[PDB]
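*Asks:* structure, please.
(chains A and B)
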There are 2 protein chains.
Amino acid sequence: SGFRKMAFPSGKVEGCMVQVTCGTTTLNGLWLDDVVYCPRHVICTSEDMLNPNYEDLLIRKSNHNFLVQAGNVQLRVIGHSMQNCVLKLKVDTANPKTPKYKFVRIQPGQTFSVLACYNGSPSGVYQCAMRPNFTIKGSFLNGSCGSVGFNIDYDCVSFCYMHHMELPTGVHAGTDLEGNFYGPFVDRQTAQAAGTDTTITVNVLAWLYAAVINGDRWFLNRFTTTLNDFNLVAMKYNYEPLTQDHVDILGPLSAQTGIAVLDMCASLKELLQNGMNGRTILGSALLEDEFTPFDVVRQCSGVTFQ
Amino acid sequence: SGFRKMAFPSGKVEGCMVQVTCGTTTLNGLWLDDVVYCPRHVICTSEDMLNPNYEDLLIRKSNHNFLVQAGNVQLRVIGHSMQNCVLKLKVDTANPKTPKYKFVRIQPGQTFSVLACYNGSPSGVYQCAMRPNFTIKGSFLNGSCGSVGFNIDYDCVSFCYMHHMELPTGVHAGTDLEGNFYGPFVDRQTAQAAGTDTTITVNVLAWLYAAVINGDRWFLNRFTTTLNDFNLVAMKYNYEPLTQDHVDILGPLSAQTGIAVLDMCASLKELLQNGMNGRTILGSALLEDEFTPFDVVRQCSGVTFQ
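*Replies:* Residues are numbered from 1 along each chain as shown, chains lettered A, B, ... in the order given. This is the structure:
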């Protein structure tokens, strides 16, 4: 038993992290096959970030201007191209540690593991979620750019996030592995405002199911509710509205615990109005929304990977 | 910026996990060099656990009774010995992926990363702490026995925990890599009661320092206090008493933020009495004690590893 904020094993990603240097800037890159992916603002100086013209900055760069280093082995750049907001440096050597990988663009509310790196060297791993405003609440310092978020399906590594910038508000924004930013953000140092950071209601319900599995049942009440009457209360507290698709995803958890989705909603509705009265749920005094229904199933059933 | 419950990269440990089977029981093992370490209750049946005599059970076992499997490669057991509560199965093949490792016995309050495994296959990684009652609040299912806790110092992997059993209360107990249990626990299925689970005060202070670094300062008050007057209030709330050694460890954090240790204690003392009044600190409505002062420095400065 027990429930922890669990990340995926990062071994298969550690062997793909390299150090990319272009001029004075040095950040991390993702070495898969004979291509290295990195944020395109590696070609910028501290002054260029205020208003960069990436097309013009890239003209004055040649293949021999990029220093790709894997530990102590130097990679030779044979060709460079800019796809959206990422650079694709084609190197001469393929990565022998290239795993069965895949590029995926996730939706808000999904979770993934982040491997924070500095100078191509791994520093730590943690789990987080794509907020509804397309930001993530991560832990990044200067030089962490190029760190990647990923999930694992048995033996396949699904890359879904590359870190690009920290907003003046302390939250983090990045792109998929094709160079398309999540949200309306751009890679320049300017005041960019994010929207309302709502709570991922479907994730909260999955977390309450995990609590019942582990013995916490005090929040179970005698009431029920309707999908509409719940969303009416949810919107008032800046909670994402619940749809029928969300009910279908919670089906397995409903079957294992013997508690209907709408009944669990009635317990949550009560919690949203009356609070938690100093009690805790799974050792937390707040409602957690960084576990998806799949995360709960995976952790409460012991799913392994290559 | 930002602050996350960060675990160490598990790549160097993934390559050391194997599957150990003896009769009907199958659990995980740690393959370092030509030796495989695993819990000794792998030789027990479900009935033997109620009152096992490990000496007598081990006599009826030969080297060819243990099935050590690394992925799809079979290991040959050449010699077995029982050191305290762990079995040391000497195999014929040395692990080519053996990292610079080290066995260490940690003290209560220290933190480490856990690699939860099933059938020798990694499942997830999370960070946790050795509670003052020598238990850990982990996430383990049946078959997770043999999973290891570890830290990383640059290129050296320090193994400090092996999981053995789940207590009837839902908490977890295990041994160091020499087979000595943490706490007064034994590897048999019987009612074992743990003591008072107090709060690790030194870790809470380190966490408050991390908050100030990241912009949360509302808890900073105008008071101060003495080491004795604080411990008087701490003991009332089941907090570990603070010693001078703890003050010395918080020195660097005191220098970076410009806030004296005793002043931060005065802020904590206030929080312990008046509560948090619905406010949060680093996104938490409770006082966190699973970050050591070293963890905070490491995450707020970007320490990398091999």
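
*Asks:* can you give me the buried ones in stretch A:223-235?
*Replies:* Neighbour counts over stretch A:223-235 (16 or more other Cβ atoms under 10 Å in any protein chain shown) mark A:225, A:227, A:230-231, A:233-234 as buried. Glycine gets a C-beta too; all of them are placed from N, C-alpha and C.

*Asks:* can you tell me what sits against it?
*Replies:* By Cβ atoms under 8 Å, 6 or more residues apart in numbering or on different chains, the surrounding residues in contact with stretch A:223-235 are A:201, A:240-242, A:244, A:247, A:260, A:262-263, A:265-270, A:272-273.

*Asks:* just the buried residues out of those, in PyMOL syntax.
*Replies:* Remark: buried members of these, expressed as a PyMOL selection using 16+ other Cβ under 10 Å:
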select buried, chain A and resi 201+240+242+247+262+263+265+266+267+268+269+270+272
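
*Asks:* so can I have JSON lines of the buried residues of stretch A:223-235 showing distance to residue B:283 and secondary structure?
*Replies:* JSON lines is the format used below for these (distance: Cβ to Cβ, whole Å; DSSP: H, G, I helix; E, B strand; the rest coil):
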{"residue": "A:225", "distance to residue B:283": "28", "secondary structure": "coil"}
{"residue": "A:227", "distance to residue B:283": "29", "secondary structure": "helix"}
{"residue": "A:230", "distance to residue B:283": "25", "secondary structure": "helix"}
{"residue": "A:231", "distance to residue B:283": "25", "secondary structure": "helix"}
{"residue": "A:233", "distance to residue B:283": "23", "secondary structure": "helix"}
{"residue": "A:234", "distance to residue B:283": "21", "secondary structure": "helix"}
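
*Asks:* the residues you listed: which two are farthest apart?
*Replies:* A:227 and A:233 (11.4 Å; Cβ to Cβ).

*Asks:* among the contacts of stretch A:223-235, which are in helices?
*Replies:* Counting by DSSP state H, the part of the contacts of stretch A:223-235 found in helices is A:201, A:244, A:247, A:262-263, A:265-270, A:272-273.

*Asks:* farthest pair within these?
*Replies:* Of all pairs in the ones in helices among the contacts of stretch A:223-235, the most separated under Cβ to Cβ is A:244 and A:273 at 24.1 Å.

*Asks:* verify the stated contact: residue A:264 with residue A:210.
*Replies:* No. Assessed by Cβ atoms under 8 Å, residue A:264 is found out of contact with residue A:210, at 11.5 Å.

*Asks:* as CSV, the ones in helices among the contacts of stretch A:223-235 with distance to chain B would be great.
*Replies:* Formatted as CSV, the ones in helices among the contacts of stretch A:223-235 follow (distance: Cβ to the nearest Cβ, whole Å):
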residue, distance to chain B
A:201, 18
A:244, 31
A:247, 27
A:262, 28
A:263, 25
A:265, 23
A:266, 23
A:267, 19
A:268, 17
A:269, 20
A:270, 18
A:272, 14
A:273, 15
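
*Asks:* how is residue A:255 assigned, secondary-structure-wise?
*Replies:* helix (DSSP: H, G, I helix; E, B strand; the rest coil).

*Asks:* just the helices from the stretch 1-150 of chain A, written as ranges.
*Replies:* Applying DSSP state H, counting those that start in this stretch to the stretch 1-150 of chain A gives helices spanning A:11-14, A:54-59.

*Asks:* so what does the last one touch, helix or strand wise?
*Replies:* Of the remaining helices and strands, those touching helix A:54-59 by 3 or more Cβ pairs under 8 Å, 6 or more residues apart in numbering or on different chains; DSSP states H and E are strand A:77-83.

*Asks:* for the strand it packs on, the distance to its chain's centre please.
*Replies:* Its chain's C-alpha centre and that of strand A:77-83 lie 26 Å apart, by Cα atoms, centre = their mean, to the nearest Å.
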